[PDB]
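Observations on chain architecture
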Amino acid sequence: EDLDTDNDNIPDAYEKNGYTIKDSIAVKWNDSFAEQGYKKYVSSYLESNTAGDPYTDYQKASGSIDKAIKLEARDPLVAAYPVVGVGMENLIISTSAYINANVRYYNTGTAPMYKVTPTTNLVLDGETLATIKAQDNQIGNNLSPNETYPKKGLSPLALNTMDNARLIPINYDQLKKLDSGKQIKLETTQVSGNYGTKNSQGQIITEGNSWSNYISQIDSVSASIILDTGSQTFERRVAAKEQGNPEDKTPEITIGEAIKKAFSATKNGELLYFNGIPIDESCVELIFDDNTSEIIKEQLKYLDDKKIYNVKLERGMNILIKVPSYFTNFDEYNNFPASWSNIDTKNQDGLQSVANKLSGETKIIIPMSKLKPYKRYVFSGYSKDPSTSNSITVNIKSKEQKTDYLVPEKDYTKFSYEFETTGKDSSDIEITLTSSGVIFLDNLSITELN
Amino acid sequence: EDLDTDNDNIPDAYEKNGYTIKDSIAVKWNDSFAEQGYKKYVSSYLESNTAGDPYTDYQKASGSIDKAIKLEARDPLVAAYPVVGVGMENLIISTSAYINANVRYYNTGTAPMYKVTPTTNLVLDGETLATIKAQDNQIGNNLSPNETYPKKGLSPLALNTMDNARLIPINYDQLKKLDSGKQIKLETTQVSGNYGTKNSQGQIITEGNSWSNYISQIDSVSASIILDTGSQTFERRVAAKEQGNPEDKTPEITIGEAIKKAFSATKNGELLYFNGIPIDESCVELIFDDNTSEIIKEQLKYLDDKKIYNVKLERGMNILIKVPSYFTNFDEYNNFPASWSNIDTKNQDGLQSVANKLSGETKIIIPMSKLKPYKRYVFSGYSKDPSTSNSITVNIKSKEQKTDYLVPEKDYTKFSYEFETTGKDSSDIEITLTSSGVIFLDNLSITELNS
Amino acid sequence: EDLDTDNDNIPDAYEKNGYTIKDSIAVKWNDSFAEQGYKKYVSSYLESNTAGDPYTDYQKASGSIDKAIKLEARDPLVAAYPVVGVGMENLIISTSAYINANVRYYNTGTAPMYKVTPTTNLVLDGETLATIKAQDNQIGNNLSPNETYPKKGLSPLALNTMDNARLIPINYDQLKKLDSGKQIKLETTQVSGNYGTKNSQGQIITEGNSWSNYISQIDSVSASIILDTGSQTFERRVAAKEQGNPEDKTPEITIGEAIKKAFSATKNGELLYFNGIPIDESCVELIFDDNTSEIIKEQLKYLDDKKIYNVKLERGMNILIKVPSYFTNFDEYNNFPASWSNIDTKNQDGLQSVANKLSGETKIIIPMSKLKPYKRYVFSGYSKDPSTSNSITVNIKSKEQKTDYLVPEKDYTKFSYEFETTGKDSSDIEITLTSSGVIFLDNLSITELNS
Ligand SMILES: [Ca+2]
Ligand SMILES: [Ca+2]
Ligand SMILES: [Ca+2]
Ligand SMILES: [Ca+2]
Ligand SMILES: [Ca+2]
Ligand SMILES: [Ca+2]
Ligand SMILES: [Ca+2]
Ligand SMILES: [Ca+2]
Ligand SMILES: [Ca+2]
């Protein structure tokens with residue numbers, strides 16, 4: 001049919017099922033289109049803006065938007081949210097005295113933000129010295145995704161202008177507090193910026209637009225997903241449907257499918273490869289808040305697969321993905337600087353290819369040269385014991401020595417232990433675990449925490 | 001036919017193949033038109049703006065844009081991107097202390113910028129003293145490509161005021177470093193300016209137009225190309241198709257074709273000349289970043305020709321062309337002040353006409369008067385040895401004495417040697433190379449590099 | 001026919017050949033329209049702005065533009081171009097110290113310029129003190145061509161505001177340099193102003209119409225021509241076609257035709273008089289830049305007439321003309337206070353009517369009262385010698401005595417000798433030339449040069 005209820009040039013019959021854009025016209029999706037590299041899109045048949053962003057479904061699917069917006073946002077289910085922050089580099093105190101800092105804007109979203117006017121807070125400890133908003137001297141004309149202002153290869157801009165006047169901490173009690181060695185933290189509160197929309201004459205106009213009009217809408221119709229790759233962080237929002245409203249037609253997608261859509265991850269049959277780094281559920285650590293934790297726990301009892309990535313995405317969910325710094329699977333990736341002890345690769349019952357046949361105990365000596373001091377670390381792994389009759393205890397050396405006992409189940413079970421390392425010139429980290437009999441180990445990961 | 005999906009007054013069939021403009025209407029391209037000056041255009045038939053610049057395909061092809069835009073930007077695949085920078089000419093500081101500087105704006109793109117307003121950072125050593133924005137006294141009304149404000153013959157303008165205010169370091173601790181052999185630098189973070197457009201009434205309006213809209217769009221679709229000839233620097237961006245997009249119809253062009261389109265260089269059969277200076281691969285030293293270098297390395301092994309200029313241009317590639325300061329080919333150009341030793345021109349196995357027949361060793365005493373001190377240089381040339389039984393070692397005098405060995409291949413191979421010369425009142429540079437037997441040399445050059 | 005590609009109310013055929021405007025409609029030009037006082041217009045048939053100026057071909061040809069725009073701009077080839085500078089009449093230093101100047105704006109173009117807001121630079125010796133933009137006090141409401149602001153008969157306006165605050169030498173070093181007798185100068189980097197167009201109702205609006213839009217476009221579609229008559233200077237820009245572009249249908253005219261079109265000089269057969277004073281090739285010297293010099297020198301060898309005025313115009317050429325101050329032709333003009341020596345007017349082989357029959361040597365005693373000190377002067381003349389066997393040497397008294405030899409050819413040859421005279425209370429300038437036999441001399445000129 002050709003019925004268009006929401007008037008966005010895409011018939012509702014195509015929007016309900018899969019659809020793709022070919023020569024600027026929507027066509028019914030076919031299973032043979034994946035060979036050329038095409039993609040399958042779904043969206044609600046009642047709304048012109050499924051994800052809430054200022055671009056419609058046809059504009060996002062056909063790529064009729066600003067060319068600096070990532071292809072991760074061309075899917076109508078992924079909002080074109082620019083997540084702009086402020087990073088502080090250096091602090092200068094001189095003569096009361098005056099305070100200025102060298103800052104540099106950061107963007108981690110999926111869209112550009114013209115005319116960036118960040119508002120930041122100068123907090124020392126709880127007390128906020130003075131709120132500052134960028135003047136005409138500290139406005140970023142362009143800020144592309146995954147790029148900074150000033151861009152790489154340029155010194156950070158100075159932030160001294162106040163009100164105009166200077167930033168004067170007249171109260172010398174703050175100076176006395178700084179004498180003890182306190183540091184001043186710069187937190188960002190709000191950021192103002194534009195999008196790029198084409199006028200009737202074909203030019204791009206960015207004056208009447210404002211991202212501040214679509215922040216509330218995008219926040220309240222989407223679920224936040226954050227990916228951490230050790231150095232580069234990505235923040236994305238994925239649209240989700242309401243539970244009590246029968247008139248909300250937003251498509252339902254699993255957490256893994258949502259991750260693949262948002263981060264443009266390549267799926268080689270079963271695994272999810274982001275940039276060659278495997279971000280599969282077993283190969284990465286996931287952190288949820290309390291609400292998402294209870295939602296996932298409730299939904300897991302009705303799932304036969306008992307896999308996190310198979311749970312349906314829901315509005316208001318929060319997900320944070322942290323890629324471990326060191327991860328070994330004994331098959332194709334082993335970045336641990338020090339070789340493990342009592343390891344056997346002759347196995348066929350592993351998670352993907354093989355497992356580790358341990359007979360006795362495993363002890364690893366990790367040098368601290370490749371560690372981050374004053375940082376919490378969590379050790380995770382998967383243990384499989386069909387016997388279910390061997391007790392495993394773990395000894396970990398840290399600021400406080402940890403000794404815990406583990407009871408492996410018949411199938412693979414994930415064990416997580418938390419510890420903290422303090423001081424660069426401290427004792428070397430010692431980790432030791434013992435097994436009563438023969439156990440299987442796979443996917444040992446080391447993850448940095450806060 | 002007569003079908004234009006993109007609605008830019010050019011049919012899809014004409015855009016898929018070659019097309020040219022004849023009297024305000026697009027016509028099917030023919031090979032006989034090239035002798036009359038007509039050139040063939042290709043573009044994408046799904047987007048009006050192929051390169052992302054404000055002007056459509058028809059406006060660029062038919063030349064219906066502002067006449068100050070270079071003809072090299074009439075090609076739909078070349079973006080009219082104005083690269084405007086600020087150069088510092090003098091520093092005047094006096095008493096705390098006040099800082100006064102004389103600056104001059106520089107343009108290198110293919111389109112003029114109206115109402116220039118750069119933002120500058122006054123970095124001393126990593127630390128940024130203050131960020132300045134140009135007020136109404138430092139706003140350039142017009143800036144044509146390859147032109148400066150103030151123009152040539154006019155003294156540079158003075159930038160010494162903040163937002164009807166004064167500029168001052170808030171303390172003398174900066175002056176302490178300034179005395180201790182530190183130089184305050186200047187780098188432009190951003191430039192704001194309008195672009196020329198036409199209205200219904202016919203006048204050119206540059207009031208509501210802004211370049212900031214079309215910078216993130218142009219930089220995300222086009223691959224940067226930079227040409228440096230020692231005196232003048234040209235910066236260009238050439239649109240390239242996305243690799244993973246099946247719906248992207250942007251045409252694919254080679255690196256050499258991209259350079260020819262961007263710089264409008266003359267191509268007489270095989271050689272490429274910019275303005276009489278050859279920019280052929282064997283006559284210049286190309287500098288690539290990591291990604292472009294590895295990309296070219298990957299596609300090189302799959303090509304029988306194995307030539308850099310024959311690789312297809314791709315999005316995000318960065319290419320820099322450094323025209324050598326001294327270039328000799330033993331055929332028609334030898335700018336070396338001192339002639340070479342033990343050179344025989346009686347040969348027929350050269351790259352273009354002849355090669356160098358060396359029997360023994362070659363030592364060149366390069367005068368220092370024509371060399372820039374405190375700079376790094378790279379010595380490059382082409383060597384051919386069918387025997388593959390003679391080893392070549394080089395002895396070059398510099399700040400650190402260099403002694404390296406080379407193993408010539410059967411065919412012509414290009415090499416590079418890196419050394420640093422420091423101090424105006426230093427020893428003369430000595431270059432010596434020895435060949436075990438008879439070797440063939442061609443296209444010897446000296447190229448300046450970053451210090 | 002009735003075909004209009006560019007849609008400017010004139011058919012393509014009429015623009016290709018000559019055309020003229022009779023009763024506000026374009027008609028085919030005829031050879032019998034000259035006697036009525038009409039003129040023959042030619043313009044490109046692919047552009048609605050042949051010269052690129054804000055006005056179209058029909059508006060310029062029919063005279064539907066401001067009456068303040070001179071008649072020389074009614075030719076579609078010659079564009080209107082306000083060339084506005086700033087001249088200084090008084091320099092005042094008072095007390096740090098305060099600096100104020102009295103300035104008058106000058107217009108030497110072919111169009112008015114409303115709302116003049118010039119930007120000026122203060123330089124004492126190379127270094128720029130500050131940059132000044134005109135405030136609401138110094139803005140000129142109107143500036144007609146060849147007029148000033150304030151008008152003739154009024155004292156110059158004041159310029160003392162740096163931004164409103166007084167100007168300031170920021171250091172005592174400025175007074176150090178003033179103690180050394182250093183002169184502060186004034187140069188204009190740019191100028192802002194409006195142009196007038198009749199709106200859709202019938203009123204002239206100059207609010208949103210800026211001249212800065214049509215500066216870069218006009219500079220790149222025209223060649224610069226300057227005429228100086230000793231005291232008053234006029235600048236014009238004449239449109240020229242591109243070289244390699246086949247779609248550029250801009251008509252081609254010679255240097256003499258371009259001068260006649262730009263300055264509206266009268267043609268009485270062959271002679272050219274600007275306003276009664278000769279400006280023909282033999283009656284003035286043309287001062288060129290480099291590129292013009294090589295282009296014209298290359299083009300002369302392929303042309304039989306071998307005259308500068310017969311060279312085809314081209315884009316980018318810069319021409320400067322300095323009408324002679326002391327000039328004699330022995331026919332109708334001799335402004336030298338002292339009569340020449342050994343002069344015979346009984347001849348018929350002169351450039352126009354008669355020549356000089358010199359038998360021996362000619363010496364002239366020129367008083368220096370009418371000579372400007374600290375200025376460079378050039379003596380020019382035409383020599384004819386069918387014998388081609390006599391050597392002529394010239395003795396000129398100046399700061400450094402000059403003695404050079406000249407070898408006359410069979411035909412008339414132009415010779416130029418350059419010298420500088422310094423000091424009002426200096427020795428009198430002596431000019432002497434000796435000829436071996438009988439020589440023919442005509443069009444001897446003396447003209448000021450750069451300081
Ligand atoms: Ca629909
Ligand atoms: Ca829809
Ligand atoms: Ca495994
Ligand atoms: Ca088309
Ligand atoms: Ca097109
Ligand atoms: Ca050769
Ligand atoms: Ca016409
Ligand atoms: Ca016309
Ligand atoms: Ca005569």
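Residues numbered from 1 in each chain as written, not as in the entry; some residues may be left out. Chains lettered and ligands numbered in written order. Part of a larger assembly, values for the part shown. Heavy atoms only, no water. Residues with missing side-chain atoms left out of burial classes, pairs and counts.

1. Structural notes on the coordination of the calcium ion (ligand 9)
Residue and element names in this part refer to chain C.
- With distances of 2.5 to 3.1 Å, the protein atoms coordinating the calcium ion (ligand 9) are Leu351 (N), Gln352 (N), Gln352 (OE1), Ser353 (N), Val354 (O) and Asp442 (OD).
- Angles of 57 to 171° at the metal separate the six donor atoms of the calcium ion (ligand 9), which places the site in the irregular class.
- Taken in sequence order, the residues that donate to the calcium ion (ligand 9) follow the motif L-Q-S-V-x87-D. Remark: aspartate 442 occurs in strand 24 (residues 430-448) and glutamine 352 occurs in the loop between strand 18 (326-328) and strand 19 (356-365); sequence separation between them is 90 residues.
- The partly exposed category is assigned to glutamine 352, whose relative accessible area is 38%. (Donors = N, O, S within 2.8 Å, 3.2 Å for Na, K, Ca; no water. Tetrahedral: all angles 85-135°; square planar, octahedral: opposite > 155°, others 65-115°. Helix = DSSP H or I, 4+ residues; strand = E, 2+ residues; numbered from the N terminus. Buried < 20%, exposed > 50% of the residue type's maximum accessible area, 1.4 Å probe, protein only.)

2. Considering the coordination of the calcium ion (ligand 8)
Residues and elements named next belong to chain C.
- Distances from the calcium ion (ligand 8) to its protein donors, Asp6 (OD), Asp8 (OD), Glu15 (OE), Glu15 (OE), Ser44 (O), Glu47 (O) and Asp57 (OD), fall at 2.5 to 3.1 Å.
- If you list the donors of the calcium ion (ligand 8) from N- to C-terminus, the spacing comes out as D-x1-D-x6-E-x28-S-x2-E-x9-D.
- Here the calcium ion (ligand 8) and the calcium ion (ligand 7) are spaced 3.9 Å apart, and both take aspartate 6 as a donor. Taken together, the positions of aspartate 8 in the segment before helix 1 (12-16) and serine 44 in the loop between strand 2 (25-28) and helix 2 (57-62) put the pair 36 residues apart, joining distant regions of the chain. No difference in accessibility class separates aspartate 8 from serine 44, as the two residues are buried.

3. A look at the interface of chain C and chain B
- The partner chain B presents 43 residues to the 43 residues of chain C that form the contact.
- The set of elements that each furnish at least two residues to the side of chain C that touches chain B consists of strand 5 (114-123), strand 6 (128-133), strand 9 (185-194), strand 10 (197-198) and helix 4 (216-219) of chain C.
- When the residues that make up the side of chain C that touches chain B are grouped by side-chain class, the tally is 15 nonpolar, 21 polar and seven charged. (Contact = heavy atoms within 4.5 Å. Nonpolar A, V, L, I, M, F, W, Y, C, P; charged D, E, K, R; others polar.)

4. Focus: the pairing of strand 14 (residues 233-239) of chain B
Residues and elements named next belong to chain B.
- Bridge analysis of strand 13 (residues 222-228) against strand 14 gives seven bridges, and the strand direction is antiparallel. Counted as the bridge partner of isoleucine 226 is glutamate 235 from strand 14.
- Between strand 13 and strand 14, which pair antiparallel and follow one another directly, the connecting turn spans four residues, one of which, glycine 230, has a positive phi of 80°. (Pairing = 2+ DSSP bridges.)

5. Here we look at the sheet that holds strand 13 of chain B
Residues and elements named next belong to chain B.
- Strand order in the open sheet formed by four strands is 14-13-18-17, with mixed pairing between adjacent strands. What marks the edges here is a single partner per strand, and that holds for strand 14 and strand 17 (285-288). Taken over all neighbouring pairs, the strand axes of this sheet differ in orientation by 20° on average, direction set aside.
- In the sheet, strand 17 pairs with strand 18 (residues 318-322) via four bridges, with the strands oriented antiparallel. (Axes fitted to C-alpha atoms, helices over the stretch in contact; angles between N-to-C directions.)

6. Let's talk about the UniProt feature "binding site: Ca(2+) 3" (unreviewed entry) in chain A
All names here are of chain A.
- Here, the residues flagged by UniProt with the feature "binding site: Ca(2+) 3" (unreviewed entry) are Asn329, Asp331, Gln352, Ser353, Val354 and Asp442. Spanning 114 residues, the annotated positions come together in the fold, the maximum distance between their C-alpha atoms being 10.0 Å.
- Summarising the element assignment, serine 353 is placed in the loop between strand 17 (326-328) and strand 18 (356-366).
- Ignoring anything within four residues of it in the chain, the contact list for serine 353 reads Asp331, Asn347 and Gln348.
- As for its placement among the helices and strands, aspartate 442 is situated in strand 23 (residues 429-448).
- Classification of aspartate 442 as buried rests on a relative accessible area of 0%. (UniProt positions renumbered as here; feature names shortened; annotations may be inferred.)

7. A word on the UniProt feature "binding site: Ca(2+) 2" (unreviewed entry) in chain B
All names here are of chain B.
- UniProt feature "binding site: Ca(2+) 2" (unreviewed entry): in the numbering of this structure it lies at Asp6, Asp8, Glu15, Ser44, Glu47 and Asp57. Annotated residues spanning 52 residues; largest pairwise C-alpha distance 11.0 Å, indicating a single compact cluster.
- Assignment of secondary structure puts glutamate 15 in helix 1 (residues 12-16).
- Excluding residues that lie within four positions of it along the chain, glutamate 15 makes contacts with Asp6, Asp8, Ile10, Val42, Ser43, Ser44, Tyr45 and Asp57.
- Residue placement: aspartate 57 occurs in helix 2 (residues 57-62).
- On the accessibility criterion, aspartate 57 (0% relative accessible area) is buried.
- Aside from chain neighbours lying at most four places away, what touches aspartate 57 is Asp8, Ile10, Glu15, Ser43, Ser44, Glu47, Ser48, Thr50 and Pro76.

8. Description of the UniProt feature "binding site: Ca(2+) 1" (unreviewed entry) in chain B
Residue and element names in this part refer to chain B.
- UniProt's entry tags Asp4, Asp6, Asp8, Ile10, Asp12 and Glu15 with the feature "binding site: Ca(2+) 1" (unreviewed entry), counted in the numbering of this structure.
- Topologically, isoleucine 10 is positioned in the segment before helix 1.
- Among all residues touching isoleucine 10, those that are not within four sequence positions of it are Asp4, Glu15, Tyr19, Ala26, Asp57 and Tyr58.

9. Observations regarding the pattern of salt bridges
- Under the counting rule described, the total for this entry stands at 24 salt bridges over all chains.
- B:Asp228 is the partner of B:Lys322 in a salt bridge, and the nearest nitrogen-oxygen pair spans 2.9 Å. Of this pair, B:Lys322 sits in strand 18 while B:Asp228 sits in strand 13, placing them 94 residues apart in sequence. Just as B:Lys322 is buried, B:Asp228 falls in that class too.
- Several salt bridges converge on common partners, so that one network encompasses A:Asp125, A:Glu127 and A:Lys177. (Salt bridge = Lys/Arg side-chain N within 4 Å of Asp/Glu carboxyl O.)

10. Describing the UniProt feature "binding site: Ca(2+) 1" (unreviewed entry) in chain A
Residue and element names in this part refer to chain A.
- Taking the numbering used here, the UniProt-annotated feature "binding site: Ca(2+) 1" (unreviewed entry) corresponds to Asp4, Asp6, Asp8, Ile10, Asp12 and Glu15.
- Considering the arrangement of structural elements, one finds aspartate 4 in the segment before helix 1 (12-16).
- You can call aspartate 4 partly exposed: its relative accessible area is 21%.
- Not counting residues within four places of it along the chain, the set of residues in contact with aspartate 4 comprises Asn9, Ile10 and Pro11.
- In terms of polar contacts, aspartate 4 uses its side chain to reach the backbone amide nitrogen of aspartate 8, at 2.9 Å.
- If you trace the backbone, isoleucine 10 turns up in the segment before helix 1.
- For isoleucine 10, the residues in contact, after removing those within four places along its chain, are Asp4, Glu15, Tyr19, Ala26, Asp57 and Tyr58. (Polar contact = N/O pair within 3.5 Å; in protein donor to acceptor, adjacent residues only side chain to side chain.)

11. Some remarks on the sheet that holds strand 17 (residues 318-322) of chain C
All names here are of chain C.
- Sheet architecture is open: four strands sit in the order 13-12-17-16, paired in mixed fashion. Across the chains shown, the open sheet's two edge strands, defined by having one partner strand only, are strand 13 (233-239) and strand 16 (285-288). On average, adjacent strands in this sheet sit at an angle of 25° to one another, irrespective of strand direction.

12. Some words on the environment of C:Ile396
All names here are of chain C.
- Along the chain, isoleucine 396 falls in strand 21 (residues 392-396).
- Separated by 22 residues in sequence, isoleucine 396 and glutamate 418 place their C-alpha atoms 9.7 Å apart.
- Excluding its chain neighbours within four sequence positions, the residues that come into contact with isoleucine 396 are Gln401, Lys402, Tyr417, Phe419 and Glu430.

13. Section: the packing of aromatic side chains
- Summed over the entire model, instances satisfying the criterion amount to nine aromatic pairs over all chains.
- An angle of 85° between the planes, with centres 6.4 Å apart, marks the rings of A:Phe263 and A:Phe274 as edge-to-face. Here A:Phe274 lies in the loop between strand 14 (272-273) and strand 15 (285-288) and A:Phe263 lies in helix 5 (residues 255-263), a separation of 11 residues in the sequence.
- Against the face of A:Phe33 rests A:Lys22, its NZ or CZ located 3.0 Å from the ring centre.
- Sitting above the plane of the C:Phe33 ring, C:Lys22 keeps its charged end 5.6 Å from the centroid. (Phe/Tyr/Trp six-rings, centres within 6.5 Å; stacked < 30°, edge-to-face > 60°. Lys NZ or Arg CZ within 6 Å of the ring centre and 35° of its normal.)

14. A look at the interface of chain B and chain A
- Contact with chain B, which involves 40 residues of that partner, is made by 41 residues of chain A.
- Of all the secondary-structure elements, those providing two or more residues to the side of chain B that touches chain A are strand 5 (113-123), strand 6 (128-133), strand 10 (187-194) and helix 4 (216-219) of chain B.
- Taken together, the residues of the side of chain B that touches chain A sort by class into 13 nonpolar, 18 polar and nine charged.

15. So, helix 5 of chain A
Residue and element names in this part refer to chain A.
- With seven of its nine residues buried, helix 5 lies for the most part within the structure.
- Looking at the packing, one finds that the buried side of helix 5 touches strand 11 (222-228), strand 12 (233-239), strand 14, helix 6 (290-300) and strand 16 (318-322).
- In the stretch just after helix 5, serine 264 is the one whose phi turns positive, near 50°.

16. Topic: a nonpolar patch on the surface
All names here are of chain B.
- Together, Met88, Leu91, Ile93 and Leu175 give the surface a local cluster of nonpolar side chains, amounting to about 270 Å² of exposed area.
- Ranked by the residues each element gives to the nonpolar patch, the list is headed by strand 3 (residues 84-94), at three residues.
- Positionally, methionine 88 belongs in strand 3. (Patch = residues over 30% accessible without salt bridge, like charges linked within 9 Å, V, L, I, M, F, W, Y side chains within 5 Å. Areas by Shrake-Rupley, 256 points an atom, 1.4 Å probe, with all protein chains shown as cover.)

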